Amino acid sequence: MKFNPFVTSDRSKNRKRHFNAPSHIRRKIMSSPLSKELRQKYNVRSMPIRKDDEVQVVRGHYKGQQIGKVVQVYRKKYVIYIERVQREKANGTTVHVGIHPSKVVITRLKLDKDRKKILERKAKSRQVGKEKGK
Amino acid sequence: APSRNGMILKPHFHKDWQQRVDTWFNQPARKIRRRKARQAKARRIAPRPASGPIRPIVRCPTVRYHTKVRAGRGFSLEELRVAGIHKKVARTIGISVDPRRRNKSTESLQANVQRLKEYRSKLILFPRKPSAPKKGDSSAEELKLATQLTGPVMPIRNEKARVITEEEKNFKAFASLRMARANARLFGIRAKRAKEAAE
Amino acid sequence: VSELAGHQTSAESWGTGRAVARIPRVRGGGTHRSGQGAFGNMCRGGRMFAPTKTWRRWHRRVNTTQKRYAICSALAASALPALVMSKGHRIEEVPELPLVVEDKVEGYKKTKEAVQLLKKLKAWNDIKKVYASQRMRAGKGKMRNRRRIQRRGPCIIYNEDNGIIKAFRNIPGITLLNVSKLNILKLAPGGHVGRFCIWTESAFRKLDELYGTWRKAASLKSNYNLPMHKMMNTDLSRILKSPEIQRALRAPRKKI
RNA sequence: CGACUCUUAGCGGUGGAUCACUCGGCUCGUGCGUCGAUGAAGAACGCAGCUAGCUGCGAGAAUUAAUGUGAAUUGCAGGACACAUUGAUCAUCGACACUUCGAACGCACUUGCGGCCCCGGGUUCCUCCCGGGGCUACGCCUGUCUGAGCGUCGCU
RNA sequence: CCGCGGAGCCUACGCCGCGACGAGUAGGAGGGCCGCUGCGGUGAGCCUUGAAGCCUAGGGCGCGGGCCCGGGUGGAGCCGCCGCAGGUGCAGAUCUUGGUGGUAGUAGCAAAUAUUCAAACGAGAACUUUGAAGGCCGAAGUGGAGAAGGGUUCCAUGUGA
RNA sequence: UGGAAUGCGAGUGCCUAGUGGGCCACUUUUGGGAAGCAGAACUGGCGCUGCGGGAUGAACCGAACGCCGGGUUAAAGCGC
RNA sequence: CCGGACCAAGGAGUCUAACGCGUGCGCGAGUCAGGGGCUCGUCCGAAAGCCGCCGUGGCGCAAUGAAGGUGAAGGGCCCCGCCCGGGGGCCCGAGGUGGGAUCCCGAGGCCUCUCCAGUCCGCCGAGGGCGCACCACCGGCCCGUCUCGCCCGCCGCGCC
RNA sequence: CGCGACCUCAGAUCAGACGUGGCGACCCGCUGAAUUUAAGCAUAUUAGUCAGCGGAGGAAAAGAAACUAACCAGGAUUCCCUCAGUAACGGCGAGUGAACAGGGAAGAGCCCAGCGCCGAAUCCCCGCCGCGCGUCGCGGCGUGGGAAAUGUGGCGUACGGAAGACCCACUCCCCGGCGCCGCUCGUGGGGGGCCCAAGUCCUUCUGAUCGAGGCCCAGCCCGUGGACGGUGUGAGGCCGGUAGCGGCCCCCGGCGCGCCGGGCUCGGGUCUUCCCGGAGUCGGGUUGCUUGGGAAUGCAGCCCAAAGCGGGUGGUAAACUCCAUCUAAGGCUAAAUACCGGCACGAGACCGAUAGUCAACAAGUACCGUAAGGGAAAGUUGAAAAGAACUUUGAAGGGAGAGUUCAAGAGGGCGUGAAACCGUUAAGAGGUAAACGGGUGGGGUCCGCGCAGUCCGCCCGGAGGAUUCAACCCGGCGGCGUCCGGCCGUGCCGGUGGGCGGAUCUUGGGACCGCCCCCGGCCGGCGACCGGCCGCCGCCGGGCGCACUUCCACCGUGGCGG
């Protein structure tokens, strides 16, 4: 149970912060779990979703084992777009269906200097916690 | 307005009292704040007793209360002088000083003097510079037995059977009290009539 | 409510002669508000009848002797299995209702050992019923930061902390209580006596010094002793069936 | 027989009650407790590729720089950022910048009229014309300079 | 005792018996397993296999306050019991806010003389435009320009909500 | 021999709301020509109360009231 | 007579303080921490617990007088110079009268298969006895005030 | 009659500074009503309150006795409890109304003028140099200006002080620039940034789940984390978070310890001799306001107008006398206290869009008034726009199909969708306006696992099946009761007790008393208190008992009871 007198448990305050969060806070809010194989390789459980990330949908109408590429992270709408997750309008054109990143699993993450750095930070912090518990 | 038996009540609610109403919902908050101030002060003056300086013994000034003894504002200049403590070094030692208190009697003077001597013997004086001590206290009593006092320093707090002798048995307690009150009342006019009779 | 609520407008009655009620009305023009009622408990936008005030008496003081009486009654009821089961506390397979466990529990540090101990004392079914009682509160309290409700589980009475509070903290329903600070709000959860309590032996032995026997006054409280009984034998059946009472009776009149 | 009228039920409508919800209030409590002639509060007018209002900003105008962050913003478009020859966005914010009124300050409140000292361009020390820059308000303190007085005196 | 056995009971704040009585404004008192909202306990309560709410020629209960069930609609919460606390029950107040009728397809669209023929555009013309007639303001004008005040109403194109 | 008859269980304390405009009738009665006028006494009534009868009606006559079945009456009636 | 065309939603004895009576609870000649303080950062907890070497204080436990002031013991049994009423000694510890729930004794009755002589318990019981609370009445004590009258005491001999 | 000095004034766009205005919840100084109550009304009350004016700060104001008291005396201010609805005031009516003592929170004390001593020892400005240098201090020099003898500085202020003589101890300090570490104990002291656990496992429901079952070990996994949000519906383990004296990075600090530089480097007792105070102020008269202050509590205007063993106070005016207490007319000072404005936070038995702030929304907005000012209404498609392509009629609005969606009985003021009012369909009725109460009757919608009507126990037969039963033996578990033991105990003695109290005695320590607990012995009772023998009874399991016993189902239009 929360003990910090400076952290709010209020419904309205937590919802207000969520719904008009700045863009860089919406980045960490829109995090997705890594795959079991990736969680084994890097000692990390979840990463913030990013464009050109290979994910699969685990909930909803478009659930399946297909692997798609993230093509748009609409942080204002709190949704991401995947390659094959789409439907047809009345006209005939095709539109992407927004999927919340909490409902997808990263199977391959785009790798760069910044992403390697925060993968190592999350593994180092977790390893310290495991050592402290032991 | 009145209905049968009752009390003639005069409530003082004719003066727009609702604008000046003191609620005490902050009472628990001011207890914690007062408590944390005490704890911070005690740490800041850590070796010192954290209950303020030593106060003298004082008698309450009225018939209702002259059988009781409480703490005064400070030791008077007469008892400080008898104890041999300079009035400008008492405050540094931890002795409260009240320059405006008089000493009508000697027992109260001697009681407060002995209270000052007991404090001086019980006092540990740390050197100004720990590396170089001079006219202070020894290492045994300083870094081994120094503790901060918790409550007030030297708290101030408030006849065998015998055979009754024939003299006090034949004592007129009520009669003496009656003549005594008459003697005080009639003292002035008895002397004036005696002087007039002399003339 | 706010002291200014319903009274920030400027509004006067139109008086009689205008074929309308004599309620105060907003002055001016050029808006819906003009001519509308104000300053009244019957008017939309007006103040309430007797506006609630902060200097209502919120707090009650109970006599110390009565508060101590309530704690003794709550403790006595917690030792009767019928009263504890009447609270729905699932006391079966529990070896003794005045459950006393050693002082090693006070030194517990992991929630795993807290759960294992409850399983070994057969007090885990109480936690399972607390889990089964977790549901959503009905009403406006969901918007008032009181969304979830659940039933109460066992109360654990300790003497020294040594980590016992942290170990049992995460288990739902469990309340931790210091024997020297016994709280009637946690021993009779809803004014009903009969809450299941688990004691450490240190808290159990401290309990005689706290409230005293009938031969000894309380040692840890100055000037307190246990309340006296106004009726020594409460067994009505045995008293009525005793030969002394039966011999003094007239024959019963069964004929209708 | 209709029509018309009345009642009841079904369905459909002038209507927006009830219920459920709530990035809003109200009340209590805690910590801080900081405006301004270095120009405040408050006004006015402007500023976006398409943008009226709200919001943010001031001619560098829906923002510059810096630091942290680390791949977006998004209603459409356009092009950055090659996503280290170090940086989209957002946050923070200590650098820079900050139109006209306003205690409001050259005089006056009309885009009115000046004065002094400099700079550039026409002509050449007309400072005549145009443009730019710095000063030019009241009260009051210490000091400074210039003064007044048949004020009190000294030497003449 | 060849039968080894014999209904129900007694939430004692419960159950049973007997006798008499029953109007009511103002007003007083009692009971309420009458109703509304929130809190503490409790129902190993109910609920997307369908909560609240709403409708009902359905089945019923209670003297009543009201309540339970069936059916339809709805789409996410709700209720029972022991206590606690109220901003807790409306036909009135020329009550407040909103919505709606009958009146009623009614009153009315009657101050300053007046319009007609043809064509054009157009889905559509008594009312627009062009032409031709008949009339009016009749220069102290129904003319041509300004001051206040208005502030884009000025001009062109398009639309006909 | 509980010192007439008859009937009935009494006594007592605290707190206490509403009311403090009345009106009608037999008898008695004051002012007034008198009044469905004004003012009194006693009792009953209406107000607070419905029910049968007086066609109708605050007060008259009868009778006072929980929801019902049978029987019988009061005052008043029994041409329709 | 006045208000009401119709429907929905809102809409009026509340809160605080002070008294008074009644009732539930705790303790009881006492009772009450409410202001303050001590206990881990305090989800709950702004709660709860404890102070007694915080009961200061409030109310109650004493009244009366304007005030100076004064300030609540009754009975039973024996003895007495003196016969107007007071003194002395023991024993207890608010008196007496009439009512008075309840409680106690109880002549005489009821009886276990029968008679007799016993031990009991119960039940009815005429009569008595101790009498709760409360009521009425009569005594008594404290304070104020008035009338009458004789004494006593002494660091003050007093307008005590 | 020129040149100087001083004095009193003046001007300057002179060199440097400072004030103004705003906010105003809390605070300080003024000014200041009436509504109201008195059942009328004028004093009174409302009330020194609202409105008006001025001035600040994070607090303000107050404040170290010209005090209280009368005691065995206390001892600055401020705040809380009490004093106290009291003393007192009041058409003594209505009403108003403090203080001292006592208990707490906090606690802290000091400085001039005057009298004196010291060659003005003093201060501001301007330069230069050595410095130091976060935006400015030190030392020197100045044959550099000015202020100040019409009085700066050091010592010293009622608690007395100073100066000499004697004795004693001998100095324990401050500031600026630098390094150490605990980097403030609530864990770093504070600010900022980035991180740190466990199911989305198997089977099912759904439009979508976060739903419902299950997960060997006695129980899925973590739990110091089961607060809360988000996510297609309800989530401890999907995500952010949450817990943790958890980790890492940057910055800003204070308190202590060490280095350098600068300043100062002096006290305490006893004796002797000296010095010692704030004036148009106090006080008195009078007037007006104010106060609980009453022959005047406080404040102010005018008149009078001091003293020094004096003056002020001692709650009834005055004279005389005694006593007590303080030392006015100059000044500074933190804490405890206040806070409806501001910047950040936390929470709630509060409201839930006619409520709650006027304002949940482009709200102090639209709009109104010349202006001061007045001042609204207005939330909700859907999980996702997937917001209806295309065909067709119409000039279009608007329809018919088609399509999306779980759902258009969700189609851009679109959740649900009541009533009033209306349209249509179905049924019924209709000349005393409708409507109503009580009785029936007719018709209609729905309802009744309605449409051959009950169901239990015992007995009687017929025929079928299977066996334990009845008794006996073994094992297990219960229920009941001088037999024993451990307890729970009153009382009663012996104490290794060694304990708590006491307004008992002491000869702080002790003795004495009363209890409390414990030890041993004796002594009574089982029920919210335990065992073990010995019986008696009951139940269950197993064996034997192998059929006139026992049990299970069917039939009879069976009999009795309900």
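Lettering follows sequence order; numbering is per chain, from 1. Just the heavy atoms: all of them, side chains too, but no hydrogens, waters or symmetry mates, feed the values below.
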| Under-4.0 Å side-chain N/O to phosphate OP1/OP2 contact, B:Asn5 with G:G20 | no
| field | Polar side-chain contact C:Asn170-H:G226 base: donor and acceptor under 3.5 Å | value | yes
| Between H:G139 and F:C68, is a Watson-Crick or G-U wobble pair present, with both distances under 3.5 Å? | no
| request: Look at C:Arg61 and G:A33 and indicate whether a side-chain polar atom (N or O) is within less than 4.0 Å of OP1 or OP2. | output: yes
| Looking at the side chain of B:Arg59, which of E:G17, H:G226, H:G74 is the nearest nucleotide? | H:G74
| Along nucleotides 78-86 of chain E, 5' to 3', which nucleotides get a B, which get an S, and which get a -, given that the test is a protein heavy-atom distance under 4.0 Å? | BS--B----
| query | Under 3.5 Å for both distances, do we get a Watson-Crick or G-U wobble pair between G:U56 and D:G36? | reply | no
| query | Between H:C488 and H:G524, is there Watson-Crick or G-U wobble pairing, both distances under 3.5 Å? | reply | yes
| Does G:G156 have OP1 or OP2 sitting under 4.0 Å from an N or O in the side chain of B:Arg185? | no
| said: With both key distances required to be under 3.5 Å, would you call H:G501 and H:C513 a Watson-Crick or wobble pair? | reply: yes
Validation: residues 136-150 of chain C side-chain donor-acceptor distances under 3.5 Å, sequence neighbours left out:
from	atom 1	to	atom 2	distance (Å)
C:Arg137	NE	C:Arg146	O	2.8
C:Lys142	NZ	C:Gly139	O	3.1
C:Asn145	OD1	A:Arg11	N	3.3
C:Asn145	ND2	A:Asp10	OD2	2.9
C:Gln150	OE1	C:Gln134	NE2	2.9

| task | State whether C:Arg25 places a side-chain N or O below 4.0 Å from either non-bridging phosphate oxygen (OP1 or OP2) of E:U96. | result | yes
| query | Closest to the C:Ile256 side chain: H:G346, E:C16, H:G240? | reply | E:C16
| remark: 5' to 3', nucleotides 191-196 of chain H under a 4.0 Å protein heavy-atom cut-off (B base, S sugar-phosphate only, - none) gives --BBBS
| task | Specify the residue among C:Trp58 and B:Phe174 whose closest nucleotide of RNA chain G lies further upstream toward the 5′ end. | result | C:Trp58
| request: Output yes when at least one side-chain N/O atom of C:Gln116 is less than 4.0 Å from OP1 or OP2 of H:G219, else no. | output: yes
| field | Pair present between F:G22 and F:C46, Watson-Crick or G-U, 3.5 Å cut-off | value | yes
When you compare the protein's N or O atoms with those of nucleotides 336-343 of chain H, which come within less than 3.5 Å of each other, and at what distance?
from	atom 1	to	atom 2	distance (Å)
H:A336	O3'	B:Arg34	NH2	3.4
H:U337	OP1	B:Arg30	NE	3.2
H:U337	OP1	B:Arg34	NE	3.4
H:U337	OP1	B:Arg34	NH2	3.2
H:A338	OP1	B:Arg30	NH2	2.8
H:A338	OP2	B:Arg30	NH2	3.3
H:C340	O2	C:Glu3	OE2	3.2
H:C340	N3	C:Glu3	OE2	2.9

| request: Would you check if B:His14 stacks with the base of H:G95, given a 5.5 Å centroid limit and a 30° plane limit, both strict? | output: no
| If you look at every strand shown and take non-hydrogen atoms under 4.0 Å, does B:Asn183 touch a base, only sugar-phosphate, or nothing? | base
| Does a Watson-Crick or G-U wobble pair link H:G489 to H:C523, with each of the two distances under 3.5 Å? | yes
| How close or far is atom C1' of G:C152 from atom CE of B:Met179, stated in whole angstroms? | 13 Å
| said: Below 4.0 Å from chain B heavy atoms, what is the first contacting nucleotide of RNA chain D and what is the last? | reply: D:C28 to D:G31
| Base pair D:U74/G:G149 (Watson-Crick or G-U, both distances under 3.5 Å) | no
| request: May I ask you to verify whether the side chain of A:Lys132 and the base of H:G246 hold a donor-acceptor pair under 3.5 Å? | output: no
| said: Heavy atoms within less than 4.0 Å of RNA chain G: which residues of residues 62-70 of chain B have one? Give them sorted by number. | reply: B:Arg64, B:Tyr65
| Which nucleotide sits closest to the side chain of B:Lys41: G:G35, H:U209, H:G107? | H:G107
